[PDB]
């Protein structure tokens, strides 16, 4: 079962230790509501060794599997710590009643792999420039597992 794909940009300013993630849009998201579609919003957690340093979240787009956001978020990450953090991006379904269930999840950062690592590395090699990339969303539990694997 495909969960969907998320587009975001990454920008790192080395002198200011400023990390900017713009949630651009998502597409082909999993349908999460019986009798409807999904009500997606996107969480961003800045992590460091299990602990969460800071959280952000988009607005909610109701009744769509293909939401457009273009919402920007900045994080203070000093130069010396930028290869020690994880930027965890989660698409969830909003429900007025009950816990919001995650659709899928991905993380970028040094410990990441494949296209996630490539996005992260292209950001670091191209300072002050926003790099946009698509990511396939994965099962929350699998991502949570890999976040424990240090390089």
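Residue numbers count along the first chain shown, from 1.
Higher mean CA temperature factor, per the PDB entry, when comparing 95-103 with 55-63: 95-103. For the pair 132-140 and 20-28, the mean B factor over Cα atoms is greater in 132-140. Residue-level temperature factors show residue 124 in the lowest third of its chain, judged at the C-alpha atom. Residue 86 sits in the lowest third of its chain by CA B factor, as recorded in the PDB entry. Remark: residue 6 belongs to the lowest third of its chain, ranked by C-alpha B-factor as recorded. In this PDB entry, residue 42 carries a Cα temperature factor that places it within the lowest third of its chain's modelled residues. Ranked by C-alpha B-factor against the other modelled residues of its chain, residue 108 falls in the middle third.
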